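This report refers to the structure that appears directly beneath it.
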Amino acid sequence: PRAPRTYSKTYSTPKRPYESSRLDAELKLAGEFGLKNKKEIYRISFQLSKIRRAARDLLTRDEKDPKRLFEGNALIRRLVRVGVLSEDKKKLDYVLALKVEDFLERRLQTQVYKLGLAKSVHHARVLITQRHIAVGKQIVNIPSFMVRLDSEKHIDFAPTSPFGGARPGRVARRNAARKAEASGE
Amino acid sequence: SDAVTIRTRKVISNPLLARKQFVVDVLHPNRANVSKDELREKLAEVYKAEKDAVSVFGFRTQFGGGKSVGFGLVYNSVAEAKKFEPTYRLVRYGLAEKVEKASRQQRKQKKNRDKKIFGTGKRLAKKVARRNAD
Amino acid sequence: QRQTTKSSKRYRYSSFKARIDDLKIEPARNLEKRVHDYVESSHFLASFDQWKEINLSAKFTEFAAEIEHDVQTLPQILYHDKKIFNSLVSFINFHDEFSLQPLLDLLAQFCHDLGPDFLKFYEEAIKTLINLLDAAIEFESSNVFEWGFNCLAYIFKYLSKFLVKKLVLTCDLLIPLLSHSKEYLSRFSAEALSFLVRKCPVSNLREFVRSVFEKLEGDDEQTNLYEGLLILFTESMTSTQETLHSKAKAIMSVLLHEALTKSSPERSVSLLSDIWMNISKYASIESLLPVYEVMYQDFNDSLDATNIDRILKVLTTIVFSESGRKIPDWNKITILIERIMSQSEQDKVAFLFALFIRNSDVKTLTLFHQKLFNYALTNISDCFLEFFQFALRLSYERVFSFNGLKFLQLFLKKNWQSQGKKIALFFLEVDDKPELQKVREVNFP
Amino acid sequence: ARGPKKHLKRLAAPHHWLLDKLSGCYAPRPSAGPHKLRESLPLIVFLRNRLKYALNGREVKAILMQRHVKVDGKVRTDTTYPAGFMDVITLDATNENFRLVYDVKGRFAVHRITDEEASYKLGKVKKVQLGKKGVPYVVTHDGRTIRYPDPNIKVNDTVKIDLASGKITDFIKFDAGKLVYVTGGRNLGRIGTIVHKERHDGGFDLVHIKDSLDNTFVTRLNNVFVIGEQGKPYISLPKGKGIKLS
Amino acid sequence: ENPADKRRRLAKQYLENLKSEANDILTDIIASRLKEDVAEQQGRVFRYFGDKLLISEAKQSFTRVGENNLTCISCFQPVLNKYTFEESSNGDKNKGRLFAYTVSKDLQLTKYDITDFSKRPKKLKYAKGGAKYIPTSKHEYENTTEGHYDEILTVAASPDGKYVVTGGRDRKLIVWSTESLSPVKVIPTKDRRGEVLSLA
RNA sequence: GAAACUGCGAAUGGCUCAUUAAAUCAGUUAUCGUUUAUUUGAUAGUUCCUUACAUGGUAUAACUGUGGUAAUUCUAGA
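As given, the protein sequences belong to chains DJ, DY, UT, DE and CH, one line each in that order.
When we follow the entry's author numbering, the leftmost residue of the first sequence carries the number 2, and every step to the right adds one.
When we follow the entry's author numbering, the leftmost residue of the second sequence carries the number 2, and every step to the right adds one.
Quick note on numbering: the third sequence equals residues 4 to 348, 355 to 454 in the entry's author numbering.
When we follow the entry's author numbering, the leftmost residue of the fourth sequence carries the number 2, and every step to the right adds one.
Quick note on numbering: the fifth sequence equals residues 57 to 83, 115 to 287 in the entry's author numbering.
So this is what it looks like as structure tokens:
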């Protein structure tokens with residue numbers, strides 16, 4: 002006796018698990034994008050599979066069908082604002098041409114590494130979770146964050162970081178205390 | 002350096018319960034979590050009412066700090082504050098008193114026993130006294 | 004039996020008359036974070052903004068429209084005073100309960116800003132206030148009364164000096180409210196005028212008290228104005244928590260003088276009696292003392308005139324008030340008694362000695378009883394029996410431990426042929442009471 | 002179940018109250034009164050959930066007991082009073098009158114209302130009979146009984162009612178070409194003019210209605226409610242004026 | 057003796073002045120003047136001298152300055168308050184002394200008097216930054232040396248006349264007390280590329 | 001304001017799925033075939049009619065007091 006929350010699984014293991022072309026596919030993806038889990042890859046794979054099934058059904062509908070027009074325009078603007086789809090390809094056909102690398106390229110850790118706040122994809126991952134990179138005004142410590150367009154313009158170091166702001170971290174000021182004390186003695 | 006800001010939004014003047022009810026934004030950078038006492042002091046300064054009339058509650062600090070958001074009430078007179086505020090929030094502010102009461106278990110147990118006694122009981126007390134005394 | 008052991012609960016009922024009887028007036032006795040006293044870009048404008056945010060009513064919304072367009076700054080007030088005042092009075096005359104708290108509040112503040120220029124509106128400001136108060140009676144609202152009389156109190160507070168200088172006109176303006184045929188109108192209007200009179204200095208106070216007593220002879224038939232003055236003066240003197248103050252003693256002096264004047268009304272003397280009764284009941288003796296010395300000194304100043312019965316009146320009041328626990332010095336009282344006896348060289358007289366016997370101290374009765382009874386048998390001859398029965402009924406054992414029997418005997422010896430009927434009536438009365446055994450065993454001529 | 006129910010779950014509520022599905026387990030079951038269970042708005046759902054003048058049930062009870070709220074001129078202190086349709090709820094300390102009328106989306110829309118319009122109320126004449134001692138009476142759509150009506154007031158009509166006196170100022174006959182408000186089913190909230198009344202004997206009469214953009218729909222007589230003549234409604238219509246668009 | 061009475065006195069003096077000036081103009116009007124003095128905070132343009140100006144006869148005057156590449160300027164003008172009635176300026180020597188402050192890439196702050204609209208801006212006082220204020224850490228939040236060491240870029244004079252505040256490429260922001268030009272407080276912008284580009 | 005009488009609630013809630021295969025239940029009807037506390041709206045001069053209405057009557061509780069039983073939310077007599 003209350004109303005039950007709605008939950009939902011966010012991924013789905015692919016059809017035939019062990020298939021060497023896909024094993025190497027996941028290897029290349031995880032390596033070049035800094036991921037850690039066939040589960041993260043499957044999360045993106047599931048999202049995109051759902052998207053493309055939506056688009057395909059709309060295509061099979063008739064041109065100018067009201068349902069197609071409404072839902073399709075919604076989907077296209079959602080992807081364009083996510084940044085996956087370029088402006089000039091506002092068509093459900095390019096939606097069908099999307100891919101997993103596009104979604105991973107939108108993830109946050111990739112965007113840090115690209116914009117240069119980090120030196121490697123793993124440096125970037127660590128920073129994000131270390132609470133060093135704030136989007137706009139708001140610290141973000143989720144590496145999967147899918148920056149939008151203007152947001153990817155606004156990423157920076159957080160005003161609390163020893164890197165973009167306040168007093169240096171504990172190791173640095175402990176070392177400083179050590180050196181000042183040793184100079185005193 | 003450290004300059005707390007108090008600002009209000011969504012002010013709704015509710016004269017039914019004789020108050021103004023609004024939403025408070027507190028900007029604290031390089032600081033944690035401004036106190037409700039200081040919030041009430043400064044809100045009273047701004048709204049020209051008495052710290053006994055002002056009341057705030059429900060303050061949540063956003064992820065990353067520097068800003069917390071809450072709800073606030075500013076009653077028309079300390080009279081109406083005492084008239085309408087809940088006992089618990091008055092108790093928090095020290096306007097009312099904490100009542101002492103037993104636990105729920107003791108209360109319900111005393112209730113059941115007294116349910117088992119009819120009348121005023123004092124003749125029962127005398128009767129058991131003498132029945133033992135025999 | 005007023006509600007005295009509060010119920011545990013939180014929302015009681017409190018009917019209208021209960022609220023009003025619990026209501027009082029003084030704001031300085033009251034206190035809180037007053038907005039206008041707080042912020043200072045202009046008092047009227049301060050209250051005006053607070054209220055525009057707080058009050059959401061048709062009349063005040065209209066009024067706020069017009070005036071917020073006009074006023075925003077003190078020079079603008081000073082320039083456009085009349086238009087603002089007419090607007091306020093227009094709405095107050097509209098008499099709308101939801102808008103009156105802001106309208107009256109703004110009126111008080113408007114005077115506060117405009118002080119010594121407000122007098123040219125003062126008269127019809129007050130007219131509008133009294134009309135509002137009677138209409139409020141019609142549509143009972145204790146909140147309305149609280150607001151209205153506080154507006155009056157504040158207007159007096161802000162225009163203290165000028166009103167004090169021209170005091171009596173204020174009393175003429177308020178006399179509808181003062182003598183109004185409703186307890187609480189009398190009560191509240193008198194409390195406001197009480198603040199003002201206590202503020203007033205001595206000379207204008209003398210003029211005022213003369214004028215008001217002659218007004219009392221004007222409304223000799225009326226009693227309402229009478230207790231209106233009663234409650235006014237008594238509050239003006241007792242204003243503090245348990246202790247009247249220096250202005251109160253000056254008030255007592257001026258009233259006592261202007262009642263002892265031979266042109267003063269004897270009903271006014273009764274009024275002073277009542278005031279003293281209330282003060283004696285209220286304050287404590289240590290506080291009362293300077294009043295006592297002032298009164299004794301004033302009696303010593305002017306006891307010697309045809310006002311002797313008047314002095315009797317006031318002194319009977321003093322002795323009866325409550326008791327010796329408020330009486331400082333029965334010895335001084337005795338000095339006054341014998342001095343008045345010498346000056347006299355009647356019924357009030359018997360009443361006075363009876364109260365003296367009942368209420369005075371044994372250590373003074375020891376050395377004054379003899380002269381007291383001699384005074385009785387000398388001056389109040391025919392009434393002495395009146396007296397002695399009255400004393401018996403008040404407190405017999407005091408005279409019995411003292412010499413009731415011997416003085417009764419000697420009175421019988423001195424005179425029996427004038428009022429033997431009265432003597433018989435007295436004895437007829439006293440036979441039944443079993444506490445009068447000594448009176449049964451007195452002797453006869 | 003052996004008697005009347007006194008509780009209402011939260012999922013089981015009327016949907017048009019817009020009650021969140023997590024704040025609790027129970028919804029205000031509206032007390033018995035003028036309007037039916039499912040087409041009424043209780044005073045707590047109106048004072049707390051719509052007006053946001055309260056934050057609690059205990060705040061709503063404080064307001065009512067302080068005696069501010071009047072539902073059709075009379076002061077109502079029941080916190081689950083079933084305020085219904087075409088109702089007038091006045092909050093004087095705020096100087097507001099509210100006609101409760103439907104929004105296009107189906108839900109009750111607040112409709113701010115002036116004093117001279119809060120003075121009256123429309124009611125759908127719904128049962129005309131001959132009462133005891135031979136006085137005839139009308140029964141409107143919110144319980145109200147009104148005696149000595151005009152003889153020309155027939156079932157399914159509208160009567161404009163002075164609230165201050167419980168009397169009938171005037172009326173409107175149910176004929177084609179009047180303006181119609183709709184109160185049930187898929188189209189509720191849609192105002193149009195009444196084109197045809199297809200009448201079945203023993204079944205349900207249907208009505209064909211046509212809104213200002215000449216879009217036609219078919220509803221039941223149970224759900225039609227006559228408002229005013231063409232182009233002039235007797236009440237003030239909420240914004241959008243009952244036009245469903247894309 | 058009372059604050060309310062004092063405010064009444066000042067206001068009535070204001071009215072005496074207004075009536076005298078209205079008579080002067082003569083040789115509605117008072118309400119209009121009061122309404123304008125109000126009308127400042129309602130933000131609609133009211134000051135409509137758009138065409139009363141005499142541009143062709145405007146009197147022009149250059150005044151050379153020593154340092155090179157003046158970057159920016161800020162002028163301070165005392166007004167008279169309308170809530171109270173004292174003045175805008177701070178001290179009592181001033182009594183309506185119009186000031187100007189110029190900041191130059193050469194790291195110079197220069198205050199001039201421009202009170203007289205017929206003589207050249209007179210160079211009252213100045214303060215020059217330079218290299219001796221370079222921070223010894225150079226690599227932290229704290230940047231708080233009491234002077235500029237690079238390219239002062241904007242200046243703004245406080246409307247109450249007590250301070251003037253300058254900022255530039257050194258990523259600092261310094262408030263000076265006006266009279267002695269003395270640096271009273273320094274606030275870093277605490278960002279590696281947080282250069283101040285404008286002040287208002 | 002304890003006790004007790006009077007009024008109201010205790011028929012809702014919560015729990016389980018044993019029974020039940022045109023039964024339940026689902027959608028759809030009818031009551032011109034019936035009861036309805038409550039809510040809400042209306043609604044009750046009867047002037048007279050042969051020999052207290054400034055307001056009839058008796059009880060009972062709690063209580064005082066006398067008791068019974070191993071014992072219960074037992075209860076007797078006055």
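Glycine included, every Cβ here is placed at the ideal spot set by N, Cα and C.
Going by DSSP in three states, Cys174(UT) sits in which element: helix, strand or coil? Translated into positions along the third sequence, residue 174(UT) becomes position 171. Here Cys174(UT) sits in helix by DSSP.
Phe226(DE) - DSSP class collapsed to helix/strand/coil: Counting from 1 along the fourth sequence, the entry for residue 226(DE) is found at position 225. Strand, per DSSP.
Close-in-space but distant-in-sequence residues of the same chain around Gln164(CH) (CB under 6 Å, 5 per side omitted): Along the fifth sequence, read from residue 1 onward, the residue named residue 164(CH) stands at position 77. Closer than 6 Å at Cβ, skipping near neighbours: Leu185.
I'd like the span of the alpha helix (DSSP H) that includes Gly32(DJ), first residue to last. Residue numbering aside, residue 32(DJ) sits at position 31 when the first sequence is read from its first letter. Run containing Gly32(DJ): 21-34, per the alpha helix (DSSP H) assignment.
Using only CA atoms, which one of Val272(UT), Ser273(UT), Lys265(UT), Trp333(UT) lies nearest to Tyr295(UT)? Position 292 of the third sequence holds residue 295(UT). Answer by Cα proximity: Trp333(UT).
With 9 Å set as the bound, which would you pick, yes or no: does the beta-carbon of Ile64(DE) sit closer than that to a beta-carbon of chain DY? Indexing the fourth sequence from 1 puts residue 64(DE) at position 63. With a threshold of 9 Å between beta carbons, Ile64(DE) makes contact with chain DY.
6 Å CB neighbourhood of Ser305(UT) in its chain, flanking five on each side removed: As a position in the third sequence, residue 305(UT) is number 302, starting the count at 1. If we look at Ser305(UT) and ignore the five residues flanking it on each side, its Cβ neighbours are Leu263.
For residue 3(UT), name the three-state secondary structure that DSSP assigns. Within the shown structure, residues of chain UT are numbered from 4 to 454, placing residue 3(UT) beyond reach of any answer.
Can you list, in chain order, the residues of its chain whose CB lies under 6 Å from that of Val55(DY), leaving out five sequence neighbours each side? In the second sequence, residue 55(DY) corresponds to position 54, counting from 1. Counting only Cβ-Cβ distances below 6 Å, and skipping sequence neighbours, we find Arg41, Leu44, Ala45, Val75.
Cβ pair count under 8 Å reaching 3, the region 159-177 of chain DJ against the region 65-76 of chain DJ: Judged by Cβ distances under 8 Å, the region 159-177 of chain DJ makes no contact with the region 65-76 of chain DJ, as fewer than three pairs qualify.
Using a Cβ-Cβ cut-off of less than 9 Å, give me the residues of the region 80-96 of chain DE that come near chain DY, in sequence order. In summary, the residues of the region 80-96 of chain DE whose CB is separated from some CB of chain DY by less than 9 Å are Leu92, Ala94, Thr95, in the order they occur in the chain.
Beta carbon of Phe302(UT), beta carbon of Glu261(UT): below 9 Å? Translated into the one-based positions of the third sequence, residue 302(UT) becomes position 299. Translated into the one-based positions of the third sequence, residue 261(UT) becomes position 258. Result no, Cβ atoms of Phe302(UT) and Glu261(UT) do not sit closer than 9 Å.
Are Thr265(CH) and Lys198(CH) close, meaning C-beta to C-beta below 9 Å? Walking along the fifth sequence from the start, residue 265(CH) turns up at place 178. Walking along the fifth sequence from the start, residue 198(CH) turns up at place 111. Between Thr265(CH) and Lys198(CH), the C-beta spacing is below 9 Å.
Starting from the beta carbon of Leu12(DE), find every residue of chain DJ whose beta carbon is closer than 8 Å, and list them in chain order. Locating residue 12(DE) in the fourth sequence gives position 11, where the first residue counts as 1. The contact set of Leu12(DE) on chain DJ, defined by CB atoms closer than 8 Å, consists of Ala4 in chain order.
Assuming contact is defined by CB atoms lying nearer than 9 Å, are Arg30(DE) and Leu9(DE) in contact in what I supplied? On the fourth sequence, position 29 is the one that residue 30(DE) refers to. On the fourth sequence, position 8 is the one that residue 9(DE) refers to. Result yes, Cβ atoms of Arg30(DE) and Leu9(DE) sit closer than 9 Å.
Neighbourhood of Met66(DE) by C-beta, 7 Å cutoff - its chain only, sequence neighbours within 5 removed: As a working mapping, residue 66(DE) is identified with position 65 in the fourth sequence. The beta carbon of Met66(DE) sits closer than 7 Å to those of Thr78, all from its chain and outside the five residues before and after it, given in chain order.
Rounded straight-line distance, which links the Cα of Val81(DJ) to that of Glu88(DJ): In the first sequence, counting from the first residue as 1, residue 88(DJ) sits at position 87. In the first sequence, counting from the first residue as 1, residue 81(DJ) sits at position 80. C-alpha separation (whole angstroms): 6 Å.
By the criterion of Cβ-Cβ separation under 7 Å, what are the contact partners of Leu214(DE) in chain DJ? For this step, residue 214(DE) is matched to residue 213 along the fourth sequence. Within chain DJ, no residue has its beta carbon less than 7 Å from that of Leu214(DE); the closest one is some 18 Å off.
Return helix, strand or coil for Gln147(CH), following the three-state DSSP convention. The sequence position of residue 147(CH) within the fifth sequence is 60, counting from 1. Coil at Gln147(CH), not helix or strand.
Compile a chain-ordered list of the residues in the region 57-69 of chain CH whose CB is closer than 9 Å to at least one CB of chain UT. Going along the region 57-69 of chain CH in chain order, one finds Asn58, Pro59, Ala60, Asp61, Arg63, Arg64, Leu66, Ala67, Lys68 with a Cβ nearer than 9 Å to chain UT.
In three-state terms, what does DSSP make of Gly73(DJ)? As a working mapping, residue 73(DJ) is identified with position 72 in the first sequence. Reduced to three states, the DSSP call for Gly73(DJ) is helix.
Measure the C-alpha to C-alpha separation of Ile156(DJ) and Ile134(DJ) and round it to an integer number of angstroms. Sequence index remark: in the first sequence, residue 156(DJ) carries index 155 (1-based). Sequence index remark: in the first sequence, residue 134(DJ) carries index 133 (1-based). Whole-angstrom Cα-Cα distance: 7 Å.
Cβ shell of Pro30(DY) (< 6 Å), same chain only, five flanking positions each side left out: For the purposes of this step, residue 30(DY) is taken as residue 29 along the second sequence, with counting starting at 1. Only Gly67 meet the Cβ criterion.
Run down chain CH in chain order and give the residues with a C-beta less than 8 Å from the C-beta of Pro30(UT). Indexing the third sequence from 1 puts residue 30(UT) at position 27. Around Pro30(UT), no beta-carbon contact reaches into chain CH at under 8 Å, the shortest distance being about 17 Å.
Chain-ordered neighbours of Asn15(DY) on chain DE, where CB pairs are closer than 7 Å: Mapped onto the second sequence, residue 15(DY) falls at position 14. In chain order: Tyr54.
At the 9 Å Cβ level, is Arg77(DE) part of the contact set with chain DY, yes or no? Along the fourth sequence, read from residue 1 onward, the residue named residue 77(DE) stands at position 76. Chain DY places no beta carbon closer than 9 Å to that of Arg77(DE), leaving this residue out of the contacts.
Cβ of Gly166(DJ) within 9 Å of any chain CH Cβ: For the purposes of this step, residue 166(DJ) is taken as the residue at position 165 of the first sequence. Yes, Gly166(DJ) lies at the interface with chain CH (some Cβ there is under 9 Å from its Cβ).
Starting from the beta carbon of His69(DE), find every residue of chain DY whose beta carbon is closer than 7 Å, and list them in chain order. Here residue 69(DE) is taken as the residue at index 68 of the fourth sequence, counted from 1. Within 7 Å Cβ-Cβ: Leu17.
Would a check of beta-carbon distances place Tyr41(UT) closer than 9 Å to chain DY? On the third sequence, residue 41(UT) is found 38 positions in, with the first residue counted as 1. Yes, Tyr41(UT) counts as interfacial toward chain DY.
Grouping DSSP H, G and I as helix and E and B as strand, with all else coil, what is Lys316(UT)? As a first step, residue 316(UT) must be located in the third sequence, where it is residue number 313. In this structure, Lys316(UT) counts as helix in the three-state DSSP scheme.
Mind pulling the chain DY residues with CB within less than 8 Å of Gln131(DJ)? Taking the first sequence and counting its residues from 1, the one referred to as residue 131(DJ) is at position 130. The premise fails here: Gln131(DJ) is roughly 13 Å from chain DY at the closest Cβ pair, so nothing lies under 8 Å.
Do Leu66(CH) and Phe149(CH) come within 9 Å of each other at the CB atom, strictly closer than that value? In the fifth sequence, residue 149(CH) corresponds to position 62, counting from 1. In the fifth sequence, residue 66(CH) corresponds to position 10, counting from 1. For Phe149(CH) and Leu66(CH), no; Cβs fall outside 9 Å.
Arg200(DE) CB to nearest chain DY CB: under 9 Å? Here residue 200(DE) refers to the residue found at position 199 when the fourth sequence is read from its first residue. Not an interface residue.
Kindly provide the ranges of any alpha helix (DSSP H) runs that are 4 or more residues long and lie completely inside the region 68-123 of chain DE, ordered along the chain. For the region 68-123 of chain DE, whole alpha helix (DSSP H) runs of length 4 or above, ordered along the chain, are 116-119.
Beta-carbon proximity check, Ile343(UT) vs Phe152(UT), cutoff 9 Å: Along the third sequence, one-based indexing puts residue 343(UT) at 340. Along the third sequence, one-based indexing puts residue 152(UT) at 149. For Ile343(UT) and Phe152(UT), no; Cβs fall outside 9 Å.
List the residues of chain DE that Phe85(DY) touches, going by C-beta distances under 7 Å, in chain order. Here the question's residue 85(DY) lines up with position 84 in the second sequence. Residues of chain DE passing the Cβ test: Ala63.
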